[PDB]
Structures are given as C-alpha cells and as structure tokens.
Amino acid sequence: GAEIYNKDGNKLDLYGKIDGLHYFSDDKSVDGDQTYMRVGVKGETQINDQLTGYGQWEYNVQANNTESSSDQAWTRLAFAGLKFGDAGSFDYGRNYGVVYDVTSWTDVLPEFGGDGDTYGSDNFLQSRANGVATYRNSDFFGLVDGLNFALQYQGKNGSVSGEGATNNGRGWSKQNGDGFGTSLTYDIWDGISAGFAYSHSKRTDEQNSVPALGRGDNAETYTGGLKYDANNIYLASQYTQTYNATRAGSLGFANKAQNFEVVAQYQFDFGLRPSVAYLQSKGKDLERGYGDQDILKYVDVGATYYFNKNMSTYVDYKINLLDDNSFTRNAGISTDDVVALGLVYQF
C-alpha cells in the first residue's frame, strides 16, 4: 500500500514493513533477536492505450545487529518491464523464478515456510534470482478465464574468477548456468486452483567440482500444486521433484530430491488466523556414504492476529522432526525446535 504519487498517468507506490521479531531456540545460530524491515517501490507509467511500463524494487534491511556490523542489507527485487494489455507482459531483472508461481501457495505460514526451507533464494528458478527474463500471459490471450502461463530464461551467473566467471560471480551454492522455466495455473472452480511448473538449468563446473555432493550437467524441477481458498478456509499443497537442484545444506546438492509442503488455515472474523502445516525434503543418492537423507522435516503450528491492514502480531512454533545425525551436523542443518513472536507494522 501507500500511493505517494499519482499524476499525469504515472503512479508510485511505497510499501514495506517493520517486523519486530524474536526467535526462541536451543540452536544458537537461530535463537535471539530477528528484527528486520522491508521497503520497496512499485512504479507504473501509461505509455499508450495498449502499453504500460513498470518497475519494482524491494530491499531487505536487518535491524538485529550493531551499527558496525557488515552485510545487513540486500535487494530482493529489482526489475523493469512492459505490459501489452492482454497480449501479456515482459520484465527483466532480479525477480522470482516461475516455479514459485506454484510453490508460493504453501508459503503463507505466520513466519516460517517459503525460501530457506524446501528451496532457497539464488537457487536456479525456485525463488528470487539474478537476471531473469519473464514473459507472462493472462487468461490465455483473453480467451480462457483463469488460465495463466509464464515462460522464463535466465542467463549464466557463474564463478567470481577463472574459466566459469561472470561479472556478478558467487559461490557454487548460488551459481547457475543458462536455464529456462515455465509455469501454468488454472482456476478450475472459484476457490480451487491447480498448477504445474518445470525448470531446466545448466550447472556450472564449480558446482561439479568444489562440493562433494551432487553431480550432473543439468538441474531440473517438476512441480505440481493445489489450492483451496474460499469461505475463510485456506488449503494448499505443493509436491516438487528435483534433480541436482536442492541444496543438501552446506555440503552440496542432492542428486535427486522430493519436496512436500501442505498447509491449512482458517480466518475468523475478529482477525485471528490459525495455521498448521507439514514440510519435508527427502534427499536421494547422496555421495560420501550419505545415501538417502532427510534434508527438512517439520510440523508447524501458529497464528496471526490482524489488527487491520497495517498491523498484525503472530506466533509460530516449528516442531522439528529431524533426527540429529552426521549428515545434519556436517551439512549444518538445524534439528532443534523454534518459537517465534513478532509484531509487524506494514505500509
């Protein structure tokens, strides 16, 4: 929300939140203060009757460390584009990969869920990504109401230096080669929706040499998801099968993985919204004797009280079901439970 400018066919929208947030947990890398804020701009310019231009930026600013700390802010979203009426839209920048057009349905927990769990950011086209060109088509050319598809290309984001470098190099866990993805979602009835997504990306030489886990030239995801949203009820599931594309913590990638998320929610009139959910990630054919391993397994219960559109409070209880083993220690995967209390101002 918050339209600070609307004049002569040009609109500016300032949005964000301040999220006062504390975590309680035996895991000392998670426990403690997690206050952060988000600020962003959504901009729109009418060019002619059939053509609109637009841009969007969204910045994350941590407030949970000191004034002398490092790396406390980063860009989540930054892209510019054109909207061609009902012929579709094109944008390029740092944007969401299309896979999340489906997995976003289960990313609605009070605090946990979403990226950092069954997938992450800078993780091929699973979440937010550098350098994605994205074509989107609404209502299949104004013909089939409720049918949306998207086509997406990402250029190589490679190593810092050496043969595989690009200008914007990173470490192997956040690299990608050339890749594409596609999504498709259909509102079969009102309230009910189904959706599929596919993605294919080249892997980099660093991904196939530096970490011990995960080998192959290609990274692939296959995703299907369901969603009921009506009569104050929200049900959603997402099943995703991945090849060489899901992080096995810090140790590398899983050659194969199966990811499952499901969530149920009710919205009471006076503003309470309880939530239960289950999330797992099963990793297959890991090297170095790891074999089959749980990457992620937890039940999630919590609630959000909405005071109004600008202010809410919430608790979330992550009931961790992973067994502590040599895989979870060496990969740095948390096996402890976590409670989260938060108070959020939004604009």
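The first residue of the sequence shown is number 1, and the count goes up from there.
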Ranked by mean Cα B-factor in the entry, 185-193 and 227-235, top stretch is 185-193
What stretch has the higher average Cα B-factor here, 174-182 or 144-152?
-> 144-152
Say you rank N123, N137, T166, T103 by Cα B-factor from the PDB entry; which sits at the top?
-> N137
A73, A78, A212, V98, ranked by C-alpha B-factor: the highest one | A212
Ordered by C-alpha B-factor within the chain, which third holds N255? Give me lowest, middle or highest, please.
-> lowest
Third of the chain, ranked by Cα B-factor, where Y345 sits = lowest
Rank-wise, by C-alpha B-factor, drop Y198 into the lowest, middle or highest third of its chain.
-> lowest
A129 CA temperature factor, ranked by third within the chain | lowest
Select lowest, middle or highest to describe the third in which the CA B-factor of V39 falls within its chain in this entry.
-> middle
